[PDB]
Number of protein chains: 4
Amino acid sequence: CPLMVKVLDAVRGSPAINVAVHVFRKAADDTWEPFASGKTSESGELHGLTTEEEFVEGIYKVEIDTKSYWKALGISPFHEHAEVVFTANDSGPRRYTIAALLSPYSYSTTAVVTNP
Amino acid sequence: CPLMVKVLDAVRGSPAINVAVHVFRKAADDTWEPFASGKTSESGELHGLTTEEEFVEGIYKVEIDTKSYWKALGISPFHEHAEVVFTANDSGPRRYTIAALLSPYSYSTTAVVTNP
Amino acid sequence: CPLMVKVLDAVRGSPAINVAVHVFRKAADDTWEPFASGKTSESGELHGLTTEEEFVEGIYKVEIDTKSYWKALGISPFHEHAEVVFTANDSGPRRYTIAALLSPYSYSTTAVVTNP
Amino acid sequence: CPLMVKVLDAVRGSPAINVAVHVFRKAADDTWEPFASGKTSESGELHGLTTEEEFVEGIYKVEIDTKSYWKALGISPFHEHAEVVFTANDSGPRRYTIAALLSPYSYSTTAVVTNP
Ligand SMILES: Oc1c(Br)cc(Br)cc1Br
Ligand SMILES: Oc1c(Br)cc(Br)cc1Br
């Protein structure tokens, strides 16, 4: 499990539960091919998106559906979503944790990258 | 006047200067059509991207080239760029200020939507 | 001129107005002596706290009353206030801008130290 | 273990290891009495600071020594430290996780509060 996503709600001070997350990988023809997807758990975490074998070198895009999250709570947010784009495993396989801290008009994203 | 971008450097504690910024508008076929662009000033600001007249309601993508910024500084970044996607709306305030706080492995983006 | 404070509201996406701010200077006996104070403007800014002449090198504490801000909005905050402690230094740039991005259960503070 | 602290380095994209953390509780005479302290682990986490019985209602101050952290890395940071002040357990016992995202000239602090 080399790719993990963690989302927190900065308004309620709690994990952001049931947030949809889509991952894409840039193709040779520079198109974004669907790679994996899922939803955050009660702890705001999304594990099991991919494997070490599948998670090859490449440029990935993790798109977090923050809009649906805020709308379900009765809030009209600014962003359509929070999307992280990055090159992965270009110096060998690494473990990535993409953390997103959400607010209606602001979000922060941090990457904690460790060598397995 | 209606759209401004401000970028700060959290490592050196100063405005992020000469950062490339491109704005796109989502087309009917869901592809991103180039709309406006430029580079941040000595104060880390980028104004005059569009006019009230040209900035119609729609989905806009603001792509900030954070990677080139850090690479020039000789610092190894994580993200390929910082992308801020949002829907421009007449119902809400007129002026949009997209502020991005940058760090090599983390970034935050906040919108300050005001009428005046 | 040498010290400015800017506060933003990440929930409503606007400047945080009428936020109480107090600045203290650490005394020889390590107690915090009141130095300057005021409230944020309609633009979420607070200028004219001190002069270059009065702002000598030393340890300063900037206490932002985030709790009263959220309570007035009828939103339950976590923090009692946001405290930014730092050492003013002549070796580095002259002007200090303390920016605080507020959310009920989270806040960020960045310093933009520039000479001009 | 109702009080946990987590610190991440936004420059390296890794946990902030060996960061000293001091906790204080406001006394009746409004002085800050030392409550507990420790250092972050290899995962950037600090557990075992207190217990449910000891962690009574009160106003607490968690002071994170970010200055020593950056100085050890050859960087002269802006903040003397990152200090969170908050009222705890005023609506019954809760579990608190204080997360701090660090950068030389900026830091964010988030509180994830759950009902045990
Ligand atoms: O566990 C984490 C929390 Br809580 C906050 C941030 Br930011 C990142 C991670 Br990983
Ligand atoms: O001027 C700004 C600062 Br400094 C920080 C953030 Br966040 C937004 C604005 Br506008």
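So you know, we letter chains A, B, ... as the sequences are listed, proteins then strands, and number each from 1.
Listed in order of number, the residues of residues 42-64 of chain B that approach chain C to under 4.5 Å between heavy atoms amount to none. Interface residues of residues 66-105 of chain C toward chain B, defined by a heavy-atom distance below 4.5 Å and sorted by number: C:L101. Residues of residues 1-39 of chain C placed with any heavy atom under 4.5 Å of a heavy atom in chain B are listed by number as C:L8, C:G13, C:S14, C:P15.
Judged as a salt bridge (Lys or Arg N to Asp or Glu O under 4.0 Å), not a single pair has a partner in residues 102-116 of chain B (not counting sequence neighbours).
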